[PDB]
file coords_29.pdb (PDB, C-alpha atoms)
ATOM      1  CA  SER H   1     102.455  96.802  74.643  1.00  0.00           C
ATOM      2  CA  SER H   2     102.650  99.565  77.287  1.00  0.00           C
ATOM      3  CA  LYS H   3     104.800 102.643  77.894  1.00  0.00           C
ATOM      4  CA  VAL H   4     106.258 104.389  80.935  1.00  0.00           C
ATOM      5  CA  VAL H   5     107.591 107.929  80.558  1.00  0.00           C
ATOM      6  CA  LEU H   6     110.224 109.330  82.905  1.00  0.00           C
ATOM      7  CA  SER H   7     109.964 113.033  83.618  1.00  0.00           C
ATOM      8  CA  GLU H   8     112.239 115.421  85.517  1.00  0.00           C
ATOM      9  CA  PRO H   9     110.657 118.880  85.078  1.00  0.00           C
ATOM     10  CA  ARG H  10     112.859 121.951  85.458  1.00  0.00           C
ATOM     11  CA  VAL H  11     110.046 124.440  84.829  1.00  0.00           C
ATOM     12  CA  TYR H  12     106.330 124.266  85.602  1.00  0.00           C
ATOM     13  CA  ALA H  13     105.362 124.116  81.892  1.00  0.00           C
ATOM     14  CA  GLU H  14     107.368 120.893  81.455  1.00  0.00           C
ATOM     15  CA  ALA H  15     105.293 119.290  84.197  1.00  0.00           C
ATOM     16  CA  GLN H  16     102.315 120.434  82.161  1.00  0.00           C
ATOM     17  CA  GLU H  17     103.459 118.317  79.176  1.00  0.00           C
ATOM     18  CA  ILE H  18     103.003 115.269  81.452  1.00  0.00           C
ATOM     19  CA  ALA H  19      99.251 115.656  80.894  1.00  0.00           C
ATOM     20  CA  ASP H  20      99.706 114.822  77.217  1.00  0.00           C
ATOM     21  CA  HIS H  21     101.340 111.460  77.948  1.00  0.00           C
ATOM     22  CA  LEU H  22      98.545 110.626  80.377  1.00  0.00           C
ATOM     23  CA  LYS H  23      95.919 111.519  77.782  1.00  0.00           C
ATOM     24  CA  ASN H  24      97.740 109.159  75.432  1.00  0.00           C
ATOM     25  CA  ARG H  25      97.440 106.324  77.977  1.00  0.00           C
ATOM     26  CA  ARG H  26     101.028 106.330  79.254  1.00  0.00           C
ATOM     27  CA  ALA H  27     102.087 106.075  82.901  1.00  0.00           C
ATOM     28  CA  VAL H  28     104.530 108.795  83.925  1.00  0.00           C
ATOM     29  CA  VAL H  29     107.125 108.794  86.649  1.00  0.00           C
ATOM     30  CA  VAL H  30     107.730 112.374  87.763  1.00  0.00           C
ATOM     31  CA  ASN H  31     110.865 113.278  89.718  1.00  0.00           C
ATOM     32  CA  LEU H  32     110.492 116.790  91.189  1.00  0.00           C
ATOM     33  CA  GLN H  33     114.073 117.016  92.552  1.00  0.00           C
ATOM     34  CA  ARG H  34     114.775 120.126  90.394  1.00  0.00           C
ATOM     35  CA  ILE H  35     111.735 122.051  91.667  1.00  0.00           C
ATOM     36  CA  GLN H  36     111.638 124.181  94.848  1.00  0.00           C
ATOM     37  CA  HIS H  37     109.375 122.680  97.538  1.00  0.00           C
ATOM     38  CA  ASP H  38     106.393 125.070  97.298  1.00  0.00           C
ATOM     39  CA  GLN H  39     106.347 124.957  93.500  1.00  0.00           C
ATOM     40  CA  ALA H  40     106.558 121.153  93.671  1.00  0.00           C
ATOM     41  CA  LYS H  41     103.358 121.073  95.754  1.00  0.00           C
ATOM     42  CA  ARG H  42     101.739 123.235  93.067  1.00  0.00           C
ATOM     43  CA  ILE H  43     102.826 120.797  90.360  1.00  0.00           C
ATOM     44  CA  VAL H  44     101.340 117.882  92.308  1.00  0.00           C
ATOM     45  CA  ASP H  45      98.054 119.812  92.704  1.00  0.00           C
ATOM     46  CA  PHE H  46      98.036 120.455  88.942  1.00  0.00           C
ATOM     47  CA  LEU H  47      98.697 116.785  88.102  1.00  0.00           C
ATOM     48  CA  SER H  48      96.102 115.675  90.662  1.00  0.00           C
ATOM     49  CA  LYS H  49      93.501 117.769  88.803  1.00  0.00           C
ATOM     50  CA  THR H  50      94.673 116.296  85.511  1.00  0.00           C
ATOM     51  CA  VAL H  51      94.568 112.589  86.431  1.00  0.00           C
ATOM     52  CA  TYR H  52      91.228 112.964  88.249  1.00  0.00           C
ATOM     53  CA  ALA H  53      89.582 114.448  85.137  1.00  0.00           C
ATOM     54  CA  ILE H  54      90.603 111.436  83.047  1.00  0.00           C
ATOM     55  CA  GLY H  55      89.974 108.704  85.615  1.00  0.00           C
ATOM     56  CA  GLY H  56      93.673 108.353  86.390  1.00  0.00           C
ATOM     57  CA  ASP H  57      95.621 108.352  89.636  1.00  0.00           C
ATOM     58  CA  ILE H  58      98.624 110.047  91.221  1.00  0.00           C
ATOM     59  CA  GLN H  59     100.687 108.920  94.203  1.00  0.00           C
ATOM     60  CA  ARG H  60     104.013 109.648  95.842  1.00  0.00           C
ATOM     61  CA  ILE H  61     106.461 106.729  95.468  1.00  0.00           C
ATOM     62  CA  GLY H  62     109.473 108.336  97.169  1.00  0.00           C
ATOM     63  CA  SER H  63     110.864 111.693  98.257  1.00  0.00           C
ATOM     64  CA  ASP H  64     110.023 114.188  95.479  1.00  0.00           C
ATOM     65  CA  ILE H  65     108.873 111.387  93.157  1.00  0.00           C
ATOM     66  CA  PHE H  66     105.358 110.608  91.965  1.00  0.00           C
ATOM     67  CA  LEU H  67     103.712 107.972  89.804  1.00  0.00           C
ATOM     68  CA  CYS H  68     100.937 109.341  87.589  1.00  0.00           C
ATOM     69  CA  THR H  69      98.742 106.836  85.790  1.00  0.00           C
ATOM     70  CA  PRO H  70      95.851 106.935  83.292  1.00  0.00           C
ATOM     71  CA  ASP H  71      92.764 104.751  83.762  1.00  0.00           C
ATOM     72  CA  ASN H  72      94.245 101.844  81.761  1.00  0.00           C
ATOM     73  CA  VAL H  73      97.037 101.300  84.322  1.00  0.00           C
ATOM     74  CA  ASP H  74      96.284  99.493  87.586  1.00  0.00           C
ATOM     75  CA  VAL H  75      98.586 100.166  90.574  1.00  0.00           C
ATOM     76  CA  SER H  76      99.008  97.625  93.399  1.00  0.00           C
ATOM     77  CA  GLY H  77     101.216  97.243  96.467  1.00  0.00           C
ATOM     78  CA  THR H  78     102.194  99.892  98.977  1.00  0.00           C
ATOM     79  CA  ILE H  79     105.157 102.173  99.630  1.00  0.00           C
ATOM     80  CA  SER H  80     105.016 103.794 103.090  1.00  0.00           C
ATOM     81  CA  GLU H  81     106.619 107.085 104.186  1.00  0.00           C
ATOM     82  CA  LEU H  82     109.910 107.181 106.122  1.00  0.00           C
TER      83      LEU H  82
ATOM     84  CA  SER J   1      95.213  96.653  80.490  1.00  0.00           C
ATOM     85  CA  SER J   2      98.565  96.935  82.318  1.00  0.00           C
ATOM     86  CA  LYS J   3      99.757  96.725  85.923  1.00  0.00           C
ATOM     87  CA  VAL J   4     102.382  98.483  88.030  1.00  0.00           C
ATOM     88  CA  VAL J   5     103.393  96.954  91.360  1.00  0.00           C
ATOM     89  CA  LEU J   6     104.846  99.059  94.164  1.00  0.00           C
ATOM     90  CA  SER J   7     107.401  97.326  96.344  1.00  0.00           C
ATOM     91  CA  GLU J   8     109.167  98.405  99.538  1.00  0.00           C
ATOM     92  CA  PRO J   9     111.250  95.376 100.609  1.00  0.00           C
ATOM     93  CA  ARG J  10     112.245  95.050 104.259  1.00  0.00           C
ATOM     94  CA  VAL J  11     114.174  91.801 103.774  1.00  0.00           C
ATOM     95  CA  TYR J  12     116.152  90.484 100.809  1.00  0.00           C
ATOM     96  CA  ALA J  13     113.647  87.654 100.143  1.00  0.00           C
ATOM     97  CA  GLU J  14     110.852  90.200  99.586  1.00  0.00           C
ATOM     98  CA  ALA J  15     112.932  91.807  96.849  1.00  0.00           C
ATOM     99  CA  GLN J  16     113.165  88.307  95.425  1.00  0.00           C
ATOM    100  CA  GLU J  17     109.353  88.136  95.047  1.00  0.00           C
ATOM    101  CA  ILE J  18     109.688  91.078  92.618  1.00  0.00           C
ATOM    102  CA  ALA J  19     110.960  88.563  90.050  1.00  0.00           C
ATOM    103  CA  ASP J  20     107.560  86.870  90.016  1.00  0.00           C
ATOM    104  CA  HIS J  21     105.727  90.063  89.034  1.00  0.00           C
ATOM    105  CA  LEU J  22     108.253  90.665  86.265  1.00  0.00           C
ATOM    106  CA  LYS J  23     107.794  87.124  84.970  1.00  0.00           C
ATOM    107  CA  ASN J  24     104.067  87.849  84.920  1.00  0.00           C
ATOM    108  CA  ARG J  25     104.654  90.929  82.735  1.00  0.00           C
ATOM    109  CA  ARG J  26     104.195  93.609  85.403  1.00  0.00           C
ATOM    110  CA  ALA J  27     106.406  96.671  85.878  1.00  0.00           C
ATOM    111  CA  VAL J  28     107.612  97.082  89.454  1.00  0.00           C
ATOM    112  CA  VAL J  29     108.642 100.194  91.299  1.00  0.00           C
ATOM    113  CA  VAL J  30     111.094  99.237  94.038  1.00  0.00           C
ATOM    114  CA  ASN J  31     111.793 101.623  96.916  1.00  0.00           C
ATOM    115  CA  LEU J  32     114.870 100.431  98.853  1.00  0.00           C
ATOM    116  CA  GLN J  33     114.592 103.040 101.654  1.00  0.00           C
ATOM    117  CA  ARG J  34     114.282 100.266 104.305  1.00  0.00           C
ATOM    118  CA  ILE J  35     117.452  98.453 103.197  1.00  0.00           C
ATOM    119  CA  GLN J  36     121.002  99.286 104.368  1.00  0.00           C
ATOM    120  CA  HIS J  37     123.169 100.704 101.556  1.00  0.00           C
ATOM    121  CA  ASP J  38     125.408  97.678 100.862  1.00  0.00           C
ATOM    122  CA  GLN J  39     122.489  95.246 100.922  1.00  0.00           C
ATOM    123  CA  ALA J  40     120.571  97.585  98.599  1.00  0.00           C
ATOM    124  CA  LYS J  41     123.384  97.333  96.028  1.00  0.00           C
ATOM    125  CA  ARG J  42     123.108  93.545  96.327  1.00  0.00           C
ATOM    126  CA  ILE J  43     119.365  93.703  95.685  1.00  0.00           C
ATOM    127  CA  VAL J  44     119.930  95.828  92.575  1.00  0.00           C
ATOM    128  CA  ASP J  45     122.535  93.314  91.322  1.00  0.00           C
ATOM    129  CA  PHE J  46     120.023  90.499  91.893  1.00  0.00           C
ATOM    130  CA  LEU J  47     117.228  92.338  90.045  1.00  0.00           C
ATOM    131  CA  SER J  48     119.630  93.283  87.242  1.00  0.00           C
ATOM    132  CA  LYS J  49     120.338  89.564  86.715  1.00  0.00           C
ATOM    133  CA  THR J  50     116.615  88.848  86.791  1.00  0.00           C
ATOM    134  CA  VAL J  51     115.441  91.457  84.259  1.00  0.00           C
ATOM    135  CA  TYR J  52     118.344  90.707  81.889  1.00  0.00           C
ATOM    136  CA  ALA J  53     117.407  87.006  81.745  1.00  0.00           C
ATOM    137  CA  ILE J  54     113.861  87.852  80.653  1.00  0.00           C
ATOM    138  CA  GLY J  55     114.648  90.720  78.284  1.00  0.00           C
ATOM    139  CA  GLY J  56     113.580  93.328  80.826  1.00  0.00           C
ATOM    140  CA  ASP J  57     115.264  96.446  82.159  1.00  0.00           C
ATOM    141  CA  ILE J  58     116.144  98.083  85.467  1.00  0.00           C
ATOM    142  CA  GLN J  59     117.000 101.716  86.166  1.00  0.00           C
ATOM    143  CA  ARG J  60     117.294 104.094  89.088  1.00  0.00           C
ATOM    144  CA  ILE J  61     114.528 106.740  89.062  1.00  0.00           C
ATOM    145  CA  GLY J  62     115.446 108.506  92.315  1.00  0.00           C
ATOM    146  CA  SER J  63     117.449 108.061  95.505  1.00  0.00           C
ATOM    147  CA  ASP J  64     116.966 104.431  96.614  1.00  0.00           C
ATOM    148  CA  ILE J  65     114.218 103.887  94.023  1.00  0.00           C
ATOM    149  CA  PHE J  66     114.314 101.730  90.904  1.00  0.00           C
ATOM    150  CA  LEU J  67     111.971 100.943  88.038  1.00  0.00           C
ATOM    151  CA  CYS J  68     112.104  97.307  86.922  1.00  0.00           C
ATOM    152  CA  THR J  69     110.322  96.399  83.708  1.00  0.00           C
ATOM    153  CA  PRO J  70     109.632  93.227  81.692  1.00  0.00           C
ATOM    154  CA  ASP J  71     110.091  93.156  77.910  1.00  0.00           C
ATOM    155  CA  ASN J  72     106.484  94.238  77.230  1.00  0.00           C
ATOM    156  CA  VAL J  73     107.031  97.648  78.879  1.00  0.00           C
ATOM    157  CA  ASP J  74     108.873 100.390  76.988  1.00  0.00           C
ATOM    158  CA  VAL J  75     110.569 103.147  79.039  1.00  0.00           C
ATOM    159  CA  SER J  76     111.231 106.618  77.580  1.00  0.00           C
ATOM    160  CA  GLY J  77     112.480 109.967  78.869  1.00  0.00           C
ATOM    161  CA  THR J  78     115.360 110.629  81.223  1.00  0.00           C
ATOM    162  CA  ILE J  79     115.851 111.312  84.925  1.00  0.00           C
ATOM    163  CA  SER J  80     119.367 112.588  85.718  1.00  0.00           C
ATOM    164  CA  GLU J  81     121.258 112.295  89.026  1.00  0.00           C
ATOM    165  CA  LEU J  82     121.463 115.199  91.498  1.00  0.00           C
TER     166      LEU J  82
END

call {"tool": "encode", "arguments": {"input": "coords_29.pdb", "output": "structure tokens"}}
result
Amino acid sequence: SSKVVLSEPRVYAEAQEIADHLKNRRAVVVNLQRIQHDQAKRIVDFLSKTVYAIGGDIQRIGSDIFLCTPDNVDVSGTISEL
Amino acid sequence: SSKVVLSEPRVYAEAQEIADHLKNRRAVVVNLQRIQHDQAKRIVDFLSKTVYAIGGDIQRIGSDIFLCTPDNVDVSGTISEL
């Protein structure tokens, strides 16, 4: 009844395919561990633009890992930074 | 139409409240960064028992972070270890 996609981009264009899942109403977990730190910030800025346009959300859930959601997925609870 | 709960347990009993969300058909992201390493393994064993009993799944999505799902949530894609 709902889908979660796991993503571990190795190039920027792979992180750009994440937008498609979100447009098809799927939550995506994105692990940026393979991306250099400055490029990872750029990916997060790109995904932030993407989820905002569609009424979604994006949030960091751990070191180098983000949860991106479309508007049909509600996120609750809190994970604080270390 | 679907819910994801974020959880950052500081004691073992908090990780035990995760079972309730799963029984109520909610995916849970669990960040174990506040738990010592041996106790974190114990929590994962506990949650593994819990999701198995209800037809759910559990999988590591990053360092100290796990995605626990009930049977109504389908997980796709792959995140490899570093």

call {"tool": "interface_residues", "arguments": {"input": "coords_29.pdb", "of": "chain J", "to": "chain H", "cutoff": "12 Å", "atoms": "only C-alpha atoms", "output": "number ranges by chain"}}
result
J: 1-10, 18, 21, 25-35, 59-82

call {"tool": "atom_distance", "arguments": {"input": "coords_29.pdb", "atom1": "CA of residue 45 in chain J", "atom2": "CA of residue 13 in chain J"}}
result
13.7 Å

call {"tool": "atom_distance", "arguments": {"input": "coords_29.pdb", "atom1": "CA of residue 46 in chain H", "atom2": "CA of residue 58 in chain H"}}
result
10.7 Å

call {"tool": "atom_distance", "arguments": {"input": "coords_29.pdb", "atom1": "CA of residue 39 in chain J", "atom2": "CA of residue 15 in chain J"}}
result
10.9 Å

call {"tool": "residues_around", "arguments": {"input": "coords_29.pdb", "residues": "range 47-49 of chain J", "least_positions_apart": "3", "cutoff": "8 Å", "atoms": "all atoms listed in the file", "output": "PyMOL selection string"}}
result
chain J and resi 16+19+43-44+52-53+57-58+68

call {"tool": "axis_aligned_box", "arguments": {"input": "coords_29.pdb", "around": "range 18-36 of chain H", "padding_each_side": "5 Å", "output": "AutoDock Vina command-line options"}}
result
--center_x 105.3 --center_y 115.1 --center_z 85.1 --size_x 28.9 --size_y 28.1 --size_z 29.4
